[PDB]
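All letters in the sequence shown, in the order written, are residues 20 to 83, 86 to 390, 412 to 431, 436 to 499 by the entry's author numbering. Below is one structure; the comments refer to it alone.
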Amino acid sequence: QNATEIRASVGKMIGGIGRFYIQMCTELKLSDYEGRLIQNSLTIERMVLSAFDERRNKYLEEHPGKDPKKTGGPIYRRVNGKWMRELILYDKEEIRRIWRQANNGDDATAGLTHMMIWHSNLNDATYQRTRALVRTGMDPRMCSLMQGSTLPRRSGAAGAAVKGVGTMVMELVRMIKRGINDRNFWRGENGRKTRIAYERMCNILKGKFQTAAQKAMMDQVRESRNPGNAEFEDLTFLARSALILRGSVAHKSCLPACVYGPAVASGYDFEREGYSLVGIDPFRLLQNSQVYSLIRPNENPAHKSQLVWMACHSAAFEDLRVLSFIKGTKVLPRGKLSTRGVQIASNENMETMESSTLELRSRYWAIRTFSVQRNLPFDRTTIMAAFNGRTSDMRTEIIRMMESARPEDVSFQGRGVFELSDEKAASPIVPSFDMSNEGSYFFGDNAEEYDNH
Ligand SMILES: COC[C@@]1(C)COC[C@@H](COc2ccc(-c3cc(C(N)=O)c(=O)[nH]c3C(F)(F)F)cc2)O1
C-alpha cells in the first residue's frame, strides 16, 4: 500500500503547484497564451521561491533585492501583436499566503524544491560550467558530472540527490582551497560550522559512489582533520573515476508550473490519480500540454524546443543517441543549437521578440535506470579525462575496475523503450542507435558560461 501513498503525496505536491500557478495567472490577469509563456512561468516560480527563501539561498539565488518585504520580476504581455515586458512587485507575505492557500494551509516545501530542481535542470541544459571548473583547478572535461551545479548554496537534502559527482567534488575542493590559503577557515565558530558542512558533503558524495574502494576513499577524505593537497588529489582522482565507474545521481523530471497549472485547471486530480516522476507520468503530461516561449530573432525554434525538452526530462547529462531514439528526432549537442537561453535579460529589445510553440513531445517514454547487448561507445574526451592520473591500495583497486569496465563500453540499461499508448510497460521496443552520432551534449560546447545576470 505504500507505493500508492508515495504517488498520492507527490501528486498532492504537483496539484498545489498547479493551483498556485492558476491563482497567480488570475491575479496578474494573464491570458491563456501569456499563462503558458515559459518566461512568465519562470518569473512566478521564482517569485514564490523568493517569498520563502528569506535571502538564505535555500531555494533561489537573487542579486542584492531592493525592498526585502517585496519580490518580483518580468511578466510579458502581448499588447497590439507585440511583446511588452513589465517589472512587477508583489508582497512576499501575499505570495506566501497564495502558496499556502493553493496547498490547503500546508507550507509544502516539497513543491518549492520541485520548482528549484526544475530551474537547476534548465540551467544544466542552458549554461556551460567549464570556466568554473578551471577556476577551481579542475579538468573542464568533468562537464558531464555537473548535475545540479547551479543549485543555491543552502539547498538541503532535496538538492543533494540531484547533484553530480563533479558538483560535490567542485564544492568540497572550493572549501579545501580556502583552508589551504587560510588556516582560519577551519578555526573559530565559522570553522565549526564549515567542518560540519564539509563532513555532510563528504557523506553525500560518498553515498553517490557505488563501489567499495570509492566509498573507502571518501572515508579517508572525510576523516582528514586538516584538508590540503592530498584531499584535492583524491577528490579529483574520484571525479576522473566517476567518468567510467558511474555513480548514483538522481535525475528528477520536474516540469514548469505552466504545465501543472493547465492540467489542474482542466480538473486533473493529481492527489487522487497519483503521480510519479519516474516513468510515463511526465511524458504523458507533456503530450497533453501546450507551452510557448519568447524567442530571439536569430534563434531556431526547434532548437529552443530541444533545450526546454532536455530541461523537462533532466536529460542534459544523458547519451544523445539514447535521447534521440526516445524523442523520435535527432537530439543535437549544445554547440549545434542556435539558441541562447529561455530567460530574457533586462537589456534585451522586446520590439524584435516573437513567440513560438515549444515541441515538448516524444515518440517513446522510458524508465530511469534474456537481453540483447546494446552497447554505446564512451566518448573520446571521456576516456582522456578519466585516464589523467598519489598512491594507495584503494587507488589501484579503482584503476583495476576502470580499466576492465572500459572495453565493455556503455550498455543501454533497462527493458527497452515504450509506446505512449502502452501505459503498463508490457511491450518493450528494441532501442537502435547510430553509433556515429556524438553522444555527449557538451561536445563542442559554445553556450554562455553560467552567471547571475
Ligand atoms: C549515460 O547514459 C547511461 C545509459 C546508457 C545507461 O543506461 C540507460 C541509458 C538511458 O536510459 C534512460 C535515460 C533517460 C530516460 C528518461 C526517463 C524519464 C523518466 N521520467 O523516467 C524522463 O523524464 N526522461 C528520460 C529522457 F530520456 F528523456 F532522458 C529513460 C532512460 O543511459
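Here a beta-carbon is modelled for each residue, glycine too, at the ideal position from N, C-alpha and C.
How about residue 201 and residue 249: do their beta carbons lie closer than 7 Å?
Residue mapping note: residue 201 aligns to position 180 of the sequence shown, counting from 1. Residue mapping note: residue 249 aligns to position 228 of the sequence shown, counting from 1. Cβ distance < 7 Å, so residue 201 and residue 249 count as in contact.
Is residue 277 near ligand 1, with its Cβ less than 6 Å from a heavy atom?
Here residue 277 refers to the residue found at position 256 when the sequence shown is read from its first residue. It does not: the Cβ of residue 277 is nowhere closer than 6 Å to a heavy atom of ligand 1.
Tell me which residue opens and which closes the alpha helix (DSSP H) that residue 31 is part of.
Sequence index remark: in the sequence shown, residue 31 carries index 12 (1-based). Taken as a continuous stretch (DSSP letters only), the alpha helix (DSSP H) holding residue 31 covers 21-46.
Any idea what DSSP makes of residue 224, helix, strand or coil?
Sequence index remark: in the sequence shown, residue 224 carries index 203 (1-based). Under the three-state reduction of DSSP, residue 224 is assigned to helix.
Using only the alpha-carbon positions, how far apart do residue 269 and residue 231 sit?
For the purposes of this step, residue 269 is identified with residue 248 of the sequence shown, where counting begins at 1. For the purposes of this step, residue 231 is identified with residue 210 of the sequence shown, where counting begins at 1. One C-alpha to the other measures close to 7 Å.
Inspect the beta-carbon positions of residue 43 and residue 25 and report whether they are closer than 7 Å.
Translated into the one-based positions of the sequence shown, residue 43 becomes position 24. Translated into the one-based positions of the sequence shown, residue 25 becomes position 6. No, the pair does not count as a contact, with Cβ atoms beyond the cut-off.
Going by C-alpha to C-alpha distance, which of 46, 317, 491, 223 sits closest to residue 374?
Working through the sequence shown from its first residue, we reach residue 374 at position 353. For residue 374, the nearest C-alpha among the options comes from 317.
What do you get for residue 346, buried or exposed, if any count of 16 or more other CB atoms within 10 angstroms of its CB means buried?
The residue you call residue 346 lines up with position 325 of the sequence shown. Classification of residue 346: buried, given that the 10 Å Cβ count is 16 or more.
Could you tell me whether the stretch 305-315 touches the stretch 119-127, where touching means 3 or more Cβ pairs closer than 8 Å?
no
Which value, in whole angstroms, describes the spacing of the CA atoms of residue 81 and residue 452?
Here the question's residue 81 lines up with position 62 in the sequence shown. Here the question's residue 452 lines up with position 406 in the sequence shown. So the two alpha carbons sit approximately 43 Å from each other.
For the alpha helix (DSSP H) that residue 52 lies in, which residues bound it at each end?
By one-based count along the sequence shown, residue 52 stands at place 33. 51-54 is the span of the alpha helix (DSSP H), which, as asked, contains residue 52.
Residue 30 and residue 291 closer than 7 Å at C-beta
The residue given as residue 30 occupies position 11 in the sequence shown. The residue given as residue 291 occupies position 270 in the sequence shown. The Cβ-Cβ distance between residue 30 and residue 291 falls below 7 Å.
Would you mind working out which of 235, 389, 328, 498 sits nearest residue 357, comparing C-alpha positions?
By one-based count along the sequence shown, residue 357 stands at place 336. Comparing Cα positions, the closest option is 328.
If you measure between the beta carbons of residue 417 and residue 359, is that distance less than 7 Å?
Taking the sequence shown and counting its residues from 1, the one referred to as residue 417 is at position 375. Taking the sequence shown and counting its residues from 1, the one referred to as residue 359 is at position 338. Not a contact, by the Cβ cut-off of 7 Å.
Measure the CB-CB distance between residue 58 and residue 276 and report whether it falls below 7 Å.
Locating residue 58 in the sequence shown gives position 39, counting from the first residue. Locating residue 276 in the sequence shown gives position 255, counting from the first residue. Taking 7 Å as the Cβ cut-off, residue 58 and residue 276 do not qualify as a contacting pair.
Determine the DSSP secondary structure at residue 382, reduced to helix, strand or coil.
Sequence index remark: in the sequence shown, residue 382 carries index 361 (1-based). Three-state result, residue 382: coil.
Report the three-state DSSP secondary structure of residue 283 (helix, strand or coil).
Locating residue 283 in the sequence shown gives position 262, where the first residue counts as 1. Helix, per DSSP.
Given this structure, state the Cα-to-Cα distance separating residue 145 from residue 483, to the nearest angstrom.
The sequence position of residue 145 within the sequence shown is 124, counting from 1. The sequence position of residue 483 within the sequence shown is 437, counting from 1. Roughly 21 Å separates the two Cα atoms.
With residue 372 and residue 103 assumed to form a contact (beta carbons below 8 Å), what rounded beta-carbon distance in angstroms separates them?
Reading the sequence shown from its first residue, position 351 is the one you call residue 372. Reading the sequence shown from its first residue, position 82 is the one you call residue 103. Right, their Cβ atoms sit about 7 Å apart.
Every unbroken alpha helix (DSSP H) within the stretch 282-370, with a cutoff of 4 residues, ordered by chain:
291-294, 301-308, 322-333, 341-348
Exposure label - residue 283; buried when at least 16 CB within 10 Å
For the purposes of this step, residue 283 is taken as the residue at position 262 of the sequence shown. Burial call: buried.
I need the boundaries of the beta strand (DSSP E) containing residue 110, first residue and last residue.
The sequence position of residue 110 within the sequence shown is 89, counting from 1. It spans 103-112 - the beta strand (DSSP E) in which residue 110 sits, taken as one unbroken run.
Rounded separation between residue 267 and residue 441 - CA only:
If you number the sequence shown from 1, residue 267 lands on position 246. If you number the sequence shown from 1, residue 441 lands on position 395. Distance between the alpha carbons of residue 267 and residue 441: 16 Å.
Mind checking residue 436: buried by the 16 CB within 10 Å criterion, or exposed?
The sequence position of residue 436 within the sequence shown is 390, counting from 1. Under this definition residue 436 is an exposed residue.
With respect to the beta strand (DSSP E) encompassing residue 67, which residues constitute its N-terminal and C-terminal limits?
For the purposes of this step, residue 67 is taken as the residue at position 48 of the sequence shown. Premise fails: residue 67 lies in the alpha helix (DSSP H), 57-72, not in any beta strand (DSSP E).
Are residue 142 and residue 335 touching if we call contact CB-CB under 7 Å?
Reading the sequence shown from its first residue, position 121 is the one you call residue 142. Reading the sequence shown from its first residue, position 314 is the one you call residue 335. Cβ distance < 7 Å, so residue 142 and residue 335 count as in contact.
By Cβ distance below 8 Å, which residues in the same chain neighbour residue 313 in space, the five residues on each side in sequence not counted?
As a position in the sequence shown, residue 313 is number 292, starting the count at 1. Cβ neighbours of residue 313 beyond the five flanking positions: 52, 55, 56, 57, 376, 377, 378, 379.
For ligand 1, any of its heavy atoms closer than 6 Å to the Cβ of residue 303?
Stepping through the sequence shown from its first residue, residue 303 is reached at position 282. Because some heavy atom of ligand 1 lies under 6 Å away, the Cβ of residue 303 counts as near it: yes.
On the three-state DSSP scale, how would you describe residue 414?
As a position in the sequence shown, residue 414 is number 372, starting the count at 1. Here residue 414 sits in coil by DSSP.
What are the boundary residues of the beta strand (DSSP E) that residue 93 is part of?
Indexing the sequence shown from 1 puts residue 93 at position 72. Looking at the DSSP string, the run of the beta strand (DSSP E) that includes residue 93 is 91-100.
Would residue 133 and residue 78 qualify as a contact pair, given that the criterion is a beta-carbon distance under 7 Å?
The residue given as residue 133 occupies position 112 in the sequence shown. The residue given as residue 78 occupies position 59 in the sequence shown. Contact flag set, yes.
For a quick check, are the C-beta atoms of residue 123 and residue 71 less than 7 Å apart?
Stepping through the sequence shown from its first residue, residue 123 is reached at position 102. Stepping through the sequence shown from its first residue, residue 71 is reached at position 52. No, they are not a contact pair.
In the DSSP output, which residue or residues are listed as bridge partners for residue 270?
Mapped onto the sequence shown, residue 270 falls at position 249. In DSSP, residue 270 forms no bridge with anything.
Got a sec? Which residues, its chain only, sit under 7 Å from residue 382 by beta carbon, not counting five neighbours each side?
Here residue 382 corresponds to residue number 361 of the sequence shown, with the count starting at 1. So the qualifying residues of the chain are 307, 308.
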